[PDB]
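These notes concern the structure reproduced below.
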Amino acid sequence: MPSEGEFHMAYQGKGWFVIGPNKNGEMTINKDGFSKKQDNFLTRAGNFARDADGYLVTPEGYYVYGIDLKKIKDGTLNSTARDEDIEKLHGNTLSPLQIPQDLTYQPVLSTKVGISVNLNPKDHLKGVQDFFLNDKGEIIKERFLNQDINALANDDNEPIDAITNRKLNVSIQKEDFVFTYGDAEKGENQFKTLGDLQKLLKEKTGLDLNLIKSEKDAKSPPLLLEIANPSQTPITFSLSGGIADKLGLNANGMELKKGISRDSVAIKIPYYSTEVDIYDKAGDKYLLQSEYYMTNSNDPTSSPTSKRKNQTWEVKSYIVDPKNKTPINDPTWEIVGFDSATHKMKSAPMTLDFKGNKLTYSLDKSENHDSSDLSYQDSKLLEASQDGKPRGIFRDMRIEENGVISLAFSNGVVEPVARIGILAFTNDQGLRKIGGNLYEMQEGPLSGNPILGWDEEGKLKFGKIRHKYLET
């Protein structure tokens with residue numbers, strides 16, 4: 001027979017509901033016996049209801065015994081981890097269940113964030129001014145010097161692709177030179193960074209390789225490279241190769257005096273950005289943002305001795321208030337690397353200040369995925385794991401066929417809070433009847449000792465609980 005009530009249920013199979021007269025009572029069931037406080041009764045009547053304080057009770061006022069997870073404090077649920085829930089859910093100590101009606105979900109402050117992100121070097125680009133300029137629009141000299149020229153793209157978004165076009169032919173008037181992209185410590189006239197190329201170009205020719213603004217009164221304009229003659233006595237120079245073609249720095253017998261300069265097209269840098277919802281003690285949402293700039297590419301011809309073998313990105317992280325789209329924070333910079341074989345990220349967790357609270361932020365994995373620089377996948381946020389939770393209102397309640405009782409809330413959180421006690425016996429005839437409602441154990445323990453209704457997995461062994469049905 002179906003039923004309407006929130007805690008009406010029916011048990012199929014062998015076994016008994018467990019009840020008792022004392023709220024704050026408990027019963028422990030062991031393989032040999034068992035211990036107790038006051039009396040306990042057994043019943044197959046499942047027409048349970050809540051008294052004024054949200055305790056499950058029979059019509060005679062006896063409390064329903066089960067596994068109280070003890071997550072409900074003060075009409076509010078207090079979150080726990082599903083792993084430890086499941087192991088307490090096969091425990092052996094039963095007590096009265098208390099699930100009040102007006103139940104809110106207390107929010108949790110985010111103190112721990114781990115993201116899994118894949119960073120693909122050929123997805124998104126930004127003008128390099130985003131990384132090479134500081135907040136005041138001034139050039140960060142050392143970022144320019146240490147940027148791998150293969151970790152770049154031109155104004156039409158073509159990767160410079162130093163890896164497959166390594167040769168740069170430069171001439172002065174005549175006189176020829178060959179520079180080659182690769183490990184700066186290997187071979188002859190090899191370069192990898194903009195600094196390495198600047199130094200090589202300065203020694204062999206007279207010319208300066210400079211970073212300049214395309215519009216020098218602009219705060220943050222597109223930036224260019226510039227081949228300049230510092231002396232006022234002129235110099236005629238040629239230049240070619242794939243890297244030159246890509247940058248628009250091709251020359252033949254072009255003359256550079258002090259005023260005259262050969263300038264590239266505007267320069268871009270591989271880019272990405274991620275964002276995680278985080279919550280303060282009140283449950284208000286803030287936005288943990290990260291922007292990624294690629295600084296070094298993994299050249300396949302590099303050996304384990306190469307100092308810049310690993311692909312790296314520099315990550316700028318901060319927290320923004322979504323309500324005024326403004327950081328609460330100064331940015332925290334962290335340098336991130338990738339294993340050249342396995343494509344797993346290599347990085348160290350960082351400490352952000354979240355409105356006076358310390359939040360540990362890890363860029364390199366979440367609960368179920370690791371961060372990577374996989375070429376076949378787009379740049380992508382895989383998973384954000386985090387302990388913070390938003391405010392929620394009670395939504396609905398589920399009671400599985402195993403008696404496990406979970407509560408759903410408005411924030412989309414579903415956590416178990418209890419399970420219905422079930423006990424079996426090898427001889428139910430050995431129990432004493434005290435009316436049609438209840439049975440009880442007795443001596444001569446006659447029905448045998450009570451058998452905990454569920455196995456070590458937490459699966460009921462002899463039956464199933466049916467929510468919103470009743471018996472006979």
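Quick note on naming: the chains in the structure tokens go A, B, ... in the order shown, residues restart at 1 in each chain, and ligands are numbered from 1 in order of appearance.
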All strand (DSSP E) positions in range 92-215 of chain A, as a ChimeraX atom specification: /A:93-96,104-105,112-118,124-127,167-172,175-181,190-191,208-213
Do you know which residues are at most 8 Å from range 17-28 of chain A counting only C-alpha atoms, after dropping those on the same chain fewer than 4 positions away, and could you put them as a count of residues only? 28
Near range 333-335 of chain A, counting only C-alpha atoms, which residues have an atom at most 9 Å away, once you skip same-chain residues fewer than 4 positions from it, shown as a list in words? residues 312, 313, 314, 315, 316, 317, 347, 348, 349 and 350 of chain A
Those residues with N, CA, C and O atoms, as a CSV table (one decimal), in the first residue's frame please?
```csv
chain,number,residue,atom,x,y,z
A,312,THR,N,57.4,26.0,-20.1
A,312,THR,CA,57.0,26.7,-18.9
A,312,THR,C,56.0,27.8,-19.3
A,312,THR,O,56.1,28.4,-20.4
A,313,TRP,N,55.1,28.1,-18.4
A,313,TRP,CA,54.2,29.3,-18.4
A,313,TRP,C,54.4,30.0,-17.1
A,313,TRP,O,54.6,29.4,-16.0
A,314,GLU,N,54.2,31.3,-17.1
A,314,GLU,CA,54.2,32.1,-15.9
A,314,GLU,C,52.7,32.5,-15.7
A,314,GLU,O,52.1,33.1,-16.5
A,315,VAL,N,52.2,32.2,-14.4
A,315,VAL,CA,50.8,32.4,-14.1
A,315,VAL,C,50.6,33.5,-13.1
A,315,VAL,O,51.2,33.5,-12.0
A,316,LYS,N,49.7,34.4,-13.4
A,316,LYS,CA,49.3,35.5,-12.5
A,316,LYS,C,47.9,35.3,-11.9
A,316,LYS,O,47.0,35.2,-12.7
A,317,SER,N,47.9,35.1,-10.6
A,317,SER,CA,46.6,34.7,-10.0
A,317,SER,C,46.2,35.7,-8.9
A,317,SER,O,47.0,36.3,-8.2
A,347,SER,N,54.8,22.1,-10.6
A,347,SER,CA,54.6,23.4,-10.0
A,347,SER,C,54.4,23.2,-8.5
A,347,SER,O,54.1,22.1,-8.0
A,348,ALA,N,54.4,24.3,-7.8
A,348,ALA,CA,54.3,24.3,-6.3
A,348,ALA,C,53.1,25.1,-5.9
A,348,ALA,O,52.9,26.2,-6.5
A,349,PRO,N,52.4,24.7,-4.9
A,349,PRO,CA,51.2,25.4,-4.4
A,349,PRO,C,51.6,26.8,-3.9
A,349,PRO,O,52.7,27.1,-3.5
A,350,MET,N,50.6,27.7,-4.0
A,350,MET,CA,50.9,29.1,-3.6
A,350,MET,C,49.9,29.5,-2.5
A,350,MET,O,48.9,28.8,-2.3
```
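Between CA of residue 184 in chain A and CA of residue 201 in chain A lies a distance of 13.5 Å.
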Pairwise distance for CA of residue 245 in chain A and CA of residue 140 in chain A, rounded to one decimal in Å: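 One can read the CA of residue 245 in chain A to CA of residue 140 in chain A distance as 26.1 Å.
In this structure, CA of residue 268 in chain A sits 15.2 Å away from CA of residue 244 in chain A.
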Please provide as a PDB file with N, CA, C and O atoms, in the first residue's frame all residues within 9 Å of residue 102 in chain A, with the sequence filter that same-chain residues fewer than 3 positions apart are discarded (counting only C-alpha atoms).
```pdb
ATOM      1  N   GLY A  75      19.516  22.857  13.199  1.00  0.00           N
ATOM      2  CA  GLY A  75      18.798  23.022  11.948  1.00  0.00           C
ATOM      3  C   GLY A  75      19.675  23.337  10.758  1.00  0.00           C
ATOM      4  O   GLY A  75      19.196  23.921   9.785  1.00  0.00           O
ATOM      5  N   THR A  76      20.958  22.980  10.814  1.00  0.00           N
ATOM      6  CA  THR A  76      21.879  23.184   9.706  1.00  0.00           C
ATOM      7  C   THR A  76      22.708  21.925   9.509  1.00  0.00           C
ATOM      8  O   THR A  76      23.151  21.297  10.477  1.00  0.00           O
ATOM      9  N   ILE A 393      19.273  26.071   0.826  1.00  0.00           N
ATOM     10  CA  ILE A 393      18.032  25.723   1.513  1.00  0.00           C
ATOM     11  C   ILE A 393      17.742  24.259   1.240  1.00  0.00           C
ATOM     12  O   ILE A 393      18.146  23.716   0.207  1.00  0.00           O
ATOM     13  N   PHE A 394      17.034  23.617   2.167  1.00  0.00           N
ATOM     14  CA  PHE A 394      16.636  22.233   1.940  1.00  0.00           C
ATOM     15  C   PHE A 394      15.731  22.141   0.719  1.00  0.00           C
ATOM     16  O   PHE A 394      14.867  22.994   0.502  1.00  0.00           O
TER      17      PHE A 394
END
```
Closest to residue 78 in chain A among A:432, A:389, A:343, A:365, using only C-alpha atoms?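 Looking at the shortest contact to residue 78 in chain A, the residue is A:389.
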